[PDB]
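Right, one structure below, let's go through it.
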Ligand SMILES: CCCCCCCCCCCCCCCCCCC(=O)O
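In the numbering used here, the protein residues as written are 2 to 134.
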């Protein structure tokens, strides 16, 4: 059910990422480098387990999870969160919870592009990834 999300994806558009990072309390120097970074996201499955890698010249992350099962995560900005990823309306919805705060990372496919929408507080960031062969 997750299969069209699988593969290697490269960042090709970013809107409001600084707003999102600011909302999370990321410092100006980190936001500055991040605003010029173009990550590669790799999504793989092995049975029920998904692994999502995010690689860049600045920071790298990797998570593994089962859909619908909570997991601990330490984010790129060093938040220790409780996470769950589900399919909802054909979108891959990742919810992170910490200190009573929530942020969502929603992925959807539009015309073969991967659109990642990041919401925290009032900040809404939209990042577009295109598929590597
Ligand atoms: C780890 C790969 C590099 C992520 C970009 C540069 C580093 C940002 C650090 C500070 C904000 C981190 C916010 C949470 C993760 C955003 C994930 C956004 C995406 O997958 O496109």
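We put the CB at the ideal spot given by N, CA and C, even for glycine.
- Not one heavy atom of ligand 1 is found less than 7 Å from the C-beta of residue 132.
- Nearest Cα to residue 114 within the set 60, 42, 54, 90: 42.
- Not one heavy atom of ligand 1 sits closer than 7 Å to the Cβ of residue 73.
- In the three-state reduction of the DSSP assignment, residue 80 falls in the coil class, being assigned neither a helical nor a strand state.
- In this structure, 69 is the residue among 119, 100, 69 with its C-alpha nearest to the C-alpha of residue 49.
- Across the structure, residue 130 and residue 63 are spaced so that their CA atoms are roughly 17 Å apart.
- Not a single heavy atom of ligand 1 lies less than 7 Å from the C-beta of residue 37.
- As DSSP reads the structure, residue 47 sits in a beta bridge with 50.
- According to DSSP, residue 12 shares a beta bridge with 130.
- Annotation: the continuous beta strand (DSSP E) that includes residue 73 extends over 72 to 75.
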